[PDB]
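These notes are about the structure you will find just below.
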Amino acid sequence: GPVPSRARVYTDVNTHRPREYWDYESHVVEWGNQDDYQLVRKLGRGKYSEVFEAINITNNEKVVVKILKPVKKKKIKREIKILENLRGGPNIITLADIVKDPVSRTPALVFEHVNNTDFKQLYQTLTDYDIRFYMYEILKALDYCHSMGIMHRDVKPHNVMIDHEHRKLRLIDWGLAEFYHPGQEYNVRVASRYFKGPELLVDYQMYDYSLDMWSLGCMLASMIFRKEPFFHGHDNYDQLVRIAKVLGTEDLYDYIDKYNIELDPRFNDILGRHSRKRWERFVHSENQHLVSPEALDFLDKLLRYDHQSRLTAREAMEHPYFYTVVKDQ
Ligand SMILES: Cc1nc2ccc(S(=O)(=O)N3CCC(CCNCc4ccc(-c5ccccc5)c(Cl)c4)CC3)cc2s1
């Protein structure tokens, strides 16, 4: 069978906490009063939930309500527990309240209100510095949640809110996040195709925080190269093919050998033989202002098949790409 793996960092953080910290099935949800919030307008619809702007009539504060679609109670408890554990952490969305409709029995998460700058506006105007700054802010949230024993497992642009006017950022949608325990086999059917790590695609279940670092690398690539999505797979199999056409097949097969991974016979037809490509082939006159030796070195050190060889969040934060942003703090 496959060779086991443990996180290189924050390995045992949960083992040292009281069981209640991570044993979310035991968590009893503290309900607030639904009548405290009036819905104002729909903001979005999102697979597991519908999102509204609302107002707390107790105090006239603007709030955001996520009305959950039917999910298992255990997965709701998981998300709530994680949100509560991470509350106060840098750039983590703040859960303000939890309410249920007395009639429809539907449950609703109440968050802090954060405005999002118009995507068209923001993207038009970004700048190399801005990307470094916001990437650093995301890394602060990931180092924090990893240090708290939690993997996000769905890092991607949709789950990053920015308010450019106030230089503010939040990592949202903790609904797929899970506690890391050494030895645990996790579900590989998580995260969106374009952001799935090789570990998920080859069905290596004993993964860890480092999954998030792959996803982050995918985000960085899409931003500096102005290509979304960067790895555009047609399905889960082709997703790995797209990766292999860039990172090359030699290192992929080395990874599968090292962990004694058994590959679906299908991959053995489609994967073929691919050299490792240089990042320069994605650079053009439109994106060159975003692309630097530092950016490429950083990218290279996130996008690695072997989850153990990817940068940690804290290592990433020390990378030369961020020197000027850190100097500003
Ligand atoms: C508690 C909660 N409150 C709200 C409030 C509104 C909503 S929403 O459903 O209406 N909607 C979700 C989708 C957002 C778009 C995500 N931004 C993309 C982005 C992300 C990152 C970047 C980026 C990345 C790296 C460097 C620089 C910028 C860049 Cl360039 C762009 C808008 C808002 C849900 C929640 S959940």
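Chains: A, B, ... in order of the structure tokens. Residues: from 1 per chain. Ligands: from 1, in order shown.
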
> Please, which residues have at least one atom within 9 Å of an atom of ligand 1, using only C-alpha atoms and all ligand atoms, listed as number ranges by chain?
Replying inline: A: 42-46, 50-53, 63-66, 93-95, 109-120, 122-124, 126-128, 130-136, 138, 156-162, 169-173, 216, 219-220, 222-224

Within 12 Å of residue 70 of chain A, counting only C-alpha atoms, which residues show up once you throw out same-chain ones fewer than 5 positions away? Write them as a CSV table (one decimal) with C-alpha atoms, in the first residue's frame, please.
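Dumped everything to around-v2.csv:
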chain,number,residue,atom,x,y,z
A,47,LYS,CA,-23.7,25.4,-3.9
A,48,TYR,CA,-24.1,25.0,-0.1
A,49,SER,CA,-25.8,28.3,0.7
A,50,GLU,CA,-27.4,31.6,-0.3
A,75,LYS,CA,-20.6,19.2,8.7
A,76,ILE,CA,-22.4,22.3,10.0
A,104,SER,CA,-38.3,26.2,8.0
A,105,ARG,CA,-35.8,24.8,10.5
A,106,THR,CA,-33.2,26.3,8.1
A,107,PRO,CA,-29.9,27.4,9.8
A,108,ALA,CA,-28.1,30.7,9.2

>> When you look at residue 238 of chain A with a cut-off of 12 Å (counting only C-alpha atoms), what residues show up, excluding the ones that are within fewer than 5 positions of it in the same chain? I need them as a PyMOL selection string.
In response: chain A and resi 193-194+196+198+201-202+231-233+243-245+266-272

Output for the residues just chosen: N, CA and C atoms as a JSON list (two decimals), in the first residue's frame:
[["chain", "number", "residue", "atom", "x", "y", "z"],
["A", 193, "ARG", "N", -11.73, 21.65, -9.11],
["A", 193, "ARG", "CA", -10.83, 20.96, -10.03],
["A", 193, "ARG", "C", -9.56, 21.76, -10.31],
["A", 194, "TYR", "N", -9.72, 23.06, -10.57],
["A", 194, "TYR", "CA", -8.57, 23.81, -11.07],
["A", 194, "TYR", "C", -7.52, 24.01, -9.98],
["A", 196, "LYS", "N", -7.10, 21.67, -7.35],
["A", 196, "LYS", "CA", -6.81, 20.42, -6.67],
["A", 196, "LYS", "C", -5.32, 20.13, -6.73],
["A", 198, "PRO", "N", -2.00, 17.61, -6.72],
["A", 198, "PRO", "CA", -1.71, 16.29, -7.26],
["A", 198, "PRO", "C", -2.09, 15.16, -6.30],
["A", 201, "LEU", "N", -5.59, 14.29, -6.85],
["A", 201, "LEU", "CA", -5.86, 13.77, -8.19],
["A", 201, "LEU", "C", -5.38, 12.32, -8.32],
["A", 202, "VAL", "N", -4.33, 11.94, -7.57],
["A", 202, "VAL", "CA", -3.83, 10.56, -7.61],
["A", 202, "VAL", "C", -4.39, 9.74, -6.44],
["A", 231, "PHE", "N", -4.42, 26.11, -14.63],
["A", 231, "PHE", "CA", -4.49, 24.71, -15.00],
["A", 231, "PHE", "C", -5.96, 24.38, -15.29],
["A", 232, "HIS", "N", -6.29, 24.37, -16.58],
["A", 232, "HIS", "CA", -7.67, 24.20, -17.07],
["A", 232, "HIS", "C", -7.99, 22.77, -17.50],
["A", 233, "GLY", "N", -8.23, 21.90, -16.53],
["A", 233, "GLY", "CA", -8.54, 20.52, -16.84],
["A", 233, "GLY", "C", -9.99, 20.36, -17.25],
["A", 243, "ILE", "N", -1.26, 19.74, -15.39],
["A", 243, "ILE", "CA", -0.16, 19.99, -14.47],
["A", 243, "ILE", "C", 1.13, 19.38, -15.03],
["A", 244, "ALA", "N", 1.04, 18.13, -15.49],
["A", 244, "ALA", "CA", 2.20, 17.37, -15.95],
["A", 244, "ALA", "C", 2.83, 18.02, -17.19],
["A", 245, "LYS", "N", 2.02, 18.69, -18.01],
["A", 245, "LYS", "CA", 2.53, 19.34, -19.21],
["A", 245, "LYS", "C", 3.39, 20.55, -18.84],
["A", 266, "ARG", "N", -6.08, 4.32, -16.19],
["A", 266, "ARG", "CA", -6.49, 5.33, -17.14],
["A", 266, "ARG", "C", -5.39, 6.38, -17.33],
["A", 267, "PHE", "N", -4.82, 6.84, -16.21],
["A", 267, "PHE", "CA", -3.75, 7.81, -16.24],
["A", 267, "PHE", "C", -2.58, 7.30, -17.07],
["A", 268, "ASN", "N", -2.34, 5.98, -17.03],
["A", 268, "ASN", "CA", -1.21, 5.39, -17.71],
["A", 268, "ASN", "C", -1.32, 5.56, -19.22],
["A", 269, "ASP", "N", -2.54, 5.61, -19.79],
["A", 269, "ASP", "CA", -2.71, 6.03, -21.17],
["A", 269, "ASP", "C", -2.53, 7.56, -21.33],
["A", 270, "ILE", "N", -3.23, 8.39, -20.53],
["A", 270, "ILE", "CA", -3.37, 9.77, -20.94],
["A", 270, "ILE", "C", -2.10, 10.56, -20.58],
["A", 271, "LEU", "N", -1.24, 10.11, -19.65],
["A", 271, "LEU", "CA", -0.30, 11.06, -19.06],
["A", 271, "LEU", "C", 0.86, 11.37, -20.01],
["A", 272, "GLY", "N", 1.35, 10.33, -20.68],
["A", 272, "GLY", "CA", 2.41, 10.49, -21.67],
["A", 272, "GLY", "C", 3.76, 10.91, -21.06]]

Please extract the residues of segment 47-296 of chain A with a backbone DSSP assignment of helix (DSSP H, G or I) and present them as an mmCIF file with C-alpha atoms, in the first residue's frame.
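Output saved as out_36.cif:
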data_model
loop_
_atom_site.group_PDB
_atom_site.id
_atom_site.type_symbol
_atom_site.label_atom_id
_atom_site.label_comp_id
_atom_site.auth_asym_id
_atom_site.auth_seq_id
_atom_site.Cartn_x
_atom_site.Cartn_y
_atom_site.Cartn_z
ATOM 1 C CA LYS A 73 -25.519 18.345 11.049
ATOM 2 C CA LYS A 74 -21.945 17.091 11.566
ATOM 3 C CA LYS A 75 -20.603 19.197 8.671
ATOM 4 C CA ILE A 76 -22.416 22.293 10.015
ATOM 5 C CA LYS A 77 -20.903 21.644 13.470
ATOM 6 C CA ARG A 78 -17.474 21.259 11.859
ATOM 7 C CA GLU A 79 -17.685 24.627 10.075
ATOM 8 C CA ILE A 80 -19.039 26.404 13.182
ATOM 9 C CA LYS A 81 -16.365 24.917 15.450
ATOM 10 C CA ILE A 82 -13.598 25.900 13.029
ATOM 11 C CA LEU A 83 -14.971 29.444 12.664
ATOM 12 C CA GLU A 84 -15.160 29.793 16.459
ATOM 13 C CA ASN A 85 -11.633 28.387 16.947
ATOM 14 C CA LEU A 86 -10.207 30.795 14.332
ATOM 15 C CA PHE A 119 -13.841 42.747 -9.531
ATOM 16 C CA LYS A 120 -13.577 44.503 -12.936
ATOM 17 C CA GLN A 121 -12.228 47.687 -11.243
ATOM 18 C CA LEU A 122 -9.798 45.831 -8.972
ATOM 19 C CA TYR A 123 -8.396 43.509 -11.663
ATOM 20 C CA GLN A 124 -7.978 46.409 -14.129
ATOM 21 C CA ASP A 128 2.767 43.980 -8.805
ATOM 22 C CA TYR A 129 2.931 45.528 -5.314
ATOM 23 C CA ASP A 130 -0.775 44.996 -4.682
ATOM 24 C CA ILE A 131 -0.508 41.296 -5.566
ATOM 25 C CA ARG A 132 2.472 40.850 -3.208
ATOM 26 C CA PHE A 133 0.595 42.688 -0.441
ATOM 27 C CA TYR A 134 -2.649 40.712 -0.719
ATOM 28 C CA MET A 135 -0.765 37.395 -1.137
ATOM 29 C CA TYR A 136 1.083 38.200 2.141
ATOM 30 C CA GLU A 137 -2.282 38.894 3.832
ATOM 31 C CA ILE A 138 -3.631 35.502 2.638
ATOM 32 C CA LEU A 139 -0.470 33.821 3.947
ATOM 33 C CA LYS A 140 -1.063 35.352 7.401
ATOM 34 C CA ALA A 141 -4.537 33.724 7.504
ATOM 35 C CA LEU A 142 -3.186 30.343 6.296
ATOM 36 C CA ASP A 143 -0.231 30.273 8.701
ATOM 37 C CA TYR A 144 -2.686 31.104 11.471
ATOM 38 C CA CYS A 145 -5.250 28.419 10.624
ATOM 39 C CA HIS A 146 -2.509 25.815 9.997
ATOM 40 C CA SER A 147 -0.935 26.711 13.370
ATOM 41 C CA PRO A 157 -10.124 33.581 -5.577
ATOM 42 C CA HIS A 158 -13.832 33.099 -4.810
ATOM 43 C CA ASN A 159 -12.936 32.492 -1.137
ATOM 44 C CA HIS A 164 -9.373 47.743 -1.666
ATOM 45 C CA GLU A 165 -10.538 51.119 -0.281
ATOM 46 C CA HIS A 166 -9.460 50.118 3.274
ATOM 47 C CA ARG A 193 -10.835 20.962 -10.031
ATOM 48 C CA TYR A 194 -8.572 23.814 -11.074
ATOM 49 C CA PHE A 195 -7.068 24.113 -7.568
ATOM 50 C CA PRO A 198 -1.713 16.291 -7.257
ATOM 51 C CA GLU A 199 -2.244 14.360 -4.010
ATOM 52 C CA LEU A 200 -6.010 14.633 -4.479
ATOM 53 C CA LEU A 201 -5.857 13.768 -8.186
ATOM 54 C CA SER A 210 0.439 21.722 2.392
ATOM 55 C CA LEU A 211 -2.636 21.180 0.150
ATOM 56 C CA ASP A 212 -3.492 24.839 0.782
ATOM 57 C CA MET A 213 -0.034 25.893 -0.427
ATOM 58 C CA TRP A 214 -0.560 24.214 -3.816
ATOM 59 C CA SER A 215 -3.901 26.007 -4.193
ATOM 60 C CA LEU A 216 -2.220 29.291 -3.259
ATOM 61 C CA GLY A 217 0.416 28.678 -5.953
ATOM 62 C CA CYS A 218 -2.398 28.149 -8.477
ATOM 63 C CA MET A 219 -3.865 31.517 -7.463
ATOM 64 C CA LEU A 220 -0.488 33.255 -7.759
ATOM 65 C CA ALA A 221 0.091 31.801 -11.238
ATOM 66 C CA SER A 222 -3.327 32.966 -12.417
ATOM 67 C CA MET A 223 -2.683 36.520 -11.104
ATOM 68 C CA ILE A 224 0.899 37.123 -12.363
ATOM 69 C CA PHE A 225 0.274 35.429 -15.725
ATOM 70 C CA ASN A 236 -10.024 15.131 -12.848
ATOM 71 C CA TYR A 237 -7.740 13.037 -15.071
ATOM 72 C CA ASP A 238 -7.009 15.818 -17.557
ATOM 73 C CA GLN A 239 -6.383 18.126 -14.572
ATOM 74 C CA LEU A 240 -3.274 16.097 -13.714
ATOM 75 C CA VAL A 241 -2.327 16.043 -17.423
ATOM 76 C CA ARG A 242 -2.437 19.857 -17.518
ATOM 77 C CA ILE A 243 -0.160 19.994 -14.466
ATOM 78 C CA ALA A 244 2.197 17.374 -15.953
ATOM 79 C CA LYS A 245 2.531 19.340 -19.211
ATOM 80 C CA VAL A 246 4.053 22.174 -17.116
ATOM 81 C CA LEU A 247 5.845 20.535 -14.149
ATOM 82 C CA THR A 249 6.271 13.842 -15.943
ATOM 83 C CA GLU A 250 9.701 12.830 -14.525
ATOM 84 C CA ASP A 251 9.049 14.459 -11.116
ATOM 85 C CA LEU A 252 5.447 13.159 -11.122
ATOM 86 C CA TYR A 253 6.580 9.547 -11.520
ATOM 87 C CA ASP A 254 9.311 10.171 -8.892
ATOM 88 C CA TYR A 255 6.565 11.317 -6.440
ATOM 89 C CA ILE A 256 4.361 8.302 -7.167
ATOM 90 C CA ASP A 257 7.384 6.002 -6.677
ATOM 91 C CA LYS A 258 8.410 7.659 -3.389
ATOM 92 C CA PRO A 265 -4.778 2.499 -15.246
ATOM 93 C CA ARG A 266 -6.493 5.330 -17.140
ATOM 94 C CA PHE A 267 -3.749 7.810 -16.239
ATOM 95 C CA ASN A 268 -1.207 5.392 -17.714
ATOM 96 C CA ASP A 269 -2.710 6.032 -21.170
ATOM 97 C CA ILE A 270 -3.371 9.774 -20.941
ATOM 98 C CA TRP A 279 7.738 29.886 -16.680
ATOM 99 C CA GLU A 280 8.967 32.307 -19.374
ATOM 100 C CA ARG A 281 6.624 30.731 -21.929
ATOM 101 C CA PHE A 282 3.587 32.295 -20.121
ATOM 102 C CA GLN A 288 5.321 41.312 -17.650
ATOM 103 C CA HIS A 289 4.832 44.079 -15.060
ATOM 104 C CA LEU A 290 3.577 41.386 -12.605
ATOM 105 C CA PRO A 293 12.567 36.528 -10.793
ATOM 106 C CA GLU A 294 11.319 36.615 -7.203
ATOM 107 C CA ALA A 295 7.722 35.823 -8.254
ATOM 108 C CA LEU A 296 8.896 32.862 -10.352
#

> What gap, in Å, lies between atom CA of residue 285 of chain A and atom CA of residue 167 of chain A?
Replying inline: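 If I compute the distance from atom CA of residue 285 of chain A to atom CA of residue 167 of chain A, I get 27.7 Å.
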
>> To one decimal place in Å, what is the distance between atom CA of residue 26 of chain A and atom CA of residue 14 of chain A?
In response: 15.6 Å

> Which residue gives the smallest distance to residue 275 of chain A among A:60, A:248, A:183, A:6, with only C-alpha atoms counted?
Replying inline: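 Checking each candidate against residue 275 of chain A, we get A:248 as the closest.
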
Using only C-alpha atoms, I'd like a table of the residues in segment 3-113 of chain A that come within 9 Å of segment 305-326 of chain A; for each, show the closest atom pair and its distance in Å rounded to one decimal, ordered by chain and ascending number, as CSV.
residue,atom,partner,partner_atom,distance
A:5,CA,A:308,CA,8.5
A:6,CA,A:308,CA,8.6
A:7,CA,A:308,CA,7.4
A:8,CA,A:308,CA,6.9
A:9,CA,A:312,CA,7.8

Deliver the residues from the most recent selection as a file, using N, CA, C and O atoms, as an mmCIF file, in the first residue's frame.
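Done, and the output landed in result21.cif:
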data_model
loop_
_atom_site.group_PDB
_atom_site.id
_atom_site.type_symbol
_atom_site.label_atom_id
_atom_site.label_comp_id
_atom_site.auth_asym_id
_atom_site.auth_seq_id
_atom_site.Cartn_x
_atom_site.Cartn_y
_atom_site.Cartn_z
ATOM 1 N N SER A 5 2.421 9.555 5.507
ATOM 2 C CA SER A 5 2.936 10.909 5.546
ATOM 3 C C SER A 5 2.408 11.608 6.793
ATOM 4 O O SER A 5 1.308 11.325 7.240
ATOM 5 N N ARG A 6 3.214 12.556 7.301
ATOM 6 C CA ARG A 6 2.829 13.509 8.336
ATOM 7 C C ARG A 6 3.232 14.917 7.895
ATOM 8 O O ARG A 6 4.218 15.112 7.185
ATOM 9 N N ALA A 7 2.451 15.911 8.314
ATOM 10 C CA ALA A 7 2.833 17.312 8.145
ATOM 11 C C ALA A 7 4.224 17.542 8.725
ATOM 12 O O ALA A 7 4.521 17.088 9.820
ATOM 13 N N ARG A 8 5.047 18.311 8.020
ATOM 14 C CA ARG A 8 6.356 18.740 8.493
ATOM 15 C C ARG A 8 6.243 19.789 9.599
ATOM 16 O O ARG A 8 7.197 19.975 10.353
ATOM 17 N N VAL A 9 5.143 20.545 9.620
ATOM 18 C CA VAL A 9 4.943 21.550 10.658
ATOM 19 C C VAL A 9 3.550 21.414 11.238
ATOM 20 O O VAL A 9 2.644 20.839 10.631
#

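Within segment 153-231 of chain A, residues classed as strand (DSSP E or B) by DSSP on backbone coordinates are residues 160, 161, 162, 163, 168, 169, 170, 171, 178 and 179 of chain A.
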
Serialized selection, N, CA, C and O atoms, as a PDB file, in the first residue's frame:
ATOM      1  N   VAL A 160     -11.610  34.547  -1.289  1.00  0.00           N
ATOM      2  CA  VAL A 160     -10.814  35.648  -0.789  1.00  0.00           C
ATOM      3  C   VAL A 160     -11.553  36.952  -1.054  1.00  0.00           C
ATOM      4  O   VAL A 160     -11.748  37.379  -2.171  1.00  0.00           O
ATOM      5  N   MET A 161     -12.013  37.583   0.005  1.00  0.00           N
ATOM      6  CA  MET A 161     -12.651  38.871  -0.153  1.00  0.00           C
ATOM      7  C   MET A 161     -11.630  39.984   0.019  1.00  0.00           C
ATOM      8  O   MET A 161     -10.860  39.931   0.952  1.00  0.00           O
ATOM      9  N   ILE A 162     -11.633  40.998  -0.865  1.00  0.00           N
ATOM     10  CA  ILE A 162     -10.835  42.212  -0.658  1.00  0.00           C
ATOM     11  C   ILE A 162     -11.688  43.481  -0.647  1.00  0.00           C
ATOM     12  O   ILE A 162     -12.546  43.631  -1.513  1.00  0.00           O
ATOM     13  N   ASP A 163     -11.381  44.397   0.260  1.00  0.00           N
ATOM     14  CA  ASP A 163     -11.951  45.727   0.262  1.00  0.00           C
ATOM     15  C   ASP A 163     -10.769  46.647  -0.003  1.00  0.00           C
ATOM     16  O   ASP A 163     -10.046  46.994   0.918  1.00  0.00           O
ATOM     17  N   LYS A 168      -8.123  45.928   3.091  1.00  0.00           N
ATOM     18  CA  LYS A 168      -8.588  44.878   4.000  1.00  0.00           C
ATOM     19  C   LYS A 168      -8.936  43.586   3.240  1.00  0.00           C
ATOM     20  O   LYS A 168      -9.466  43.599   2.124  1.00  0.00           O
ATOM     21  N   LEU A 169      -8.654  42.432   3.860  1.00  0.00           N
ATOM     22  CA  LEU A 169      -8.838  41.163   3.173  1.00  0.00           C
ATOM     23  C   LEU A 169      -9.390  40.134   4.153  1.00  0.00           C
ATOM     24  O   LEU A 169      -9.010  40.126   5.326  1.00  0.00           O
ATOM     25  N   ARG A 170     -10.195  39.182   3.655  1.00  0.00           N
ATOM     26  CA  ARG A 170     -10.699  38.117   4.494  1.00  0.00           C
ATOM     27  C   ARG A 170     -10.703  36.799   3.732  1.00  0.00           C
ATOM     28  O   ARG A 170     -11.124  36.727   2.584  1.00  0.00           O
ATOM     29  N   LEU A 171     -10.286  35.735   4.411  1.00  0.00           N
ATOM     30  CA  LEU A 171     -10.423  34.377   3.898  1.00  0.00           C
ATOM     31  C   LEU A 171     -11.746  33.805   4.404  1.00  0.00           C
ATOM     32  O   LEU A 171     -11.963  33.727   5.631  1.00  0.00           O
ATOM     33  N   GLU A 178     -11.045  21.263   7.570  1.00  0.00           N
ATOM     34  CA  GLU A 178     -10.998  20.084   8.421  1.00  0.00           C
ATOM     35  C   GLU A 178      -9.774  20.204   9.331  1.00  0.00           C
ATOM     36  O   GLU A 178      -8.808  20.907   9.035  1.00  0.00           O
ATOM     37  N   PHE A 179      -9.865  19.528  10.489  1.00  0.00           N
ATOM     38  CA  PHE A 179      -8.761  19.456  11.438  1.00  0.00           C
ATOM     39  C   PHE A 179      -7.731  18.439  10.953  1.00  0.00           C
ATOM     40  O   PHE A 179      -8.096  17.331  10.591  1.00  0.00           O
TER      41      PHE A 179
END

>> Taking 4 positions as the minimum chain separation for residues in the same chain, which residues sit within 8 Å of residue 260 of chain A when counting only C-alpha atoms? Answer as a PyMOL selection string.
In response: chain A and resi 1-3+256

Write out, as a PDB file, in the first residue's frame, the residues just selected, with N, CA and C atoms.
ATOM      1  N   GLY A   1       0.830  -1.222   0.000  1.00  0.00           N
ATOM      2  CA  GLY A   1       0.000   0.000   0.000  1.00  0.00           C
ATOM      3  C   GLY A   1       0.858   1.263   0.000  1.00  0.00           C
ATOM      4  N   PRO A   2       0.222   2.462   0.046  1.00  0.00           N
ATOM      5  CA  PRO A   2       0.952   3.734   0.006  1.00  0.00           C
ATOM      6  C   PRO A   2       1.769   3.989   1.272  1.00  0.00           C
ATOM      7  N   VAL A   3       2.881   4.699   1.107  1.00  0.00           N
ATOM      8  CA  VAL A   3       3.752   5.098   2.201  1.00  0.00           C
ATOM      9  C   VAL A   3       3.057   6.205   2.988  1.00  0.00           C
ATOM     10  N   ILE A 256       5.188   9.500  -7.298  1.00  0.00           N
ATOM     11  CA  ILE A 256       4.361   8.302  -7.167  1.00  0.00           C
ATOM     12  C   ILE A 256       5.238   7.154  -6.676  1.00  0.00           C
TER      13      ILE A 256
END

>> Using only C-alpha atoms for the distances, tell me which of A:148, A:177, A:39, A:57 is nearest to residue 15 of chain A.
In response: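 Once distances to residue 15 of chain A are computed over only C-alpha atoms, the minimum belongs to A:148.
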
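Comparing the minimum interatomic distances between residue 153 of chain A and each of A:304, A:17, A:27, A:189, counting only C-alpha atoms, we find that A:189 sits nearest.
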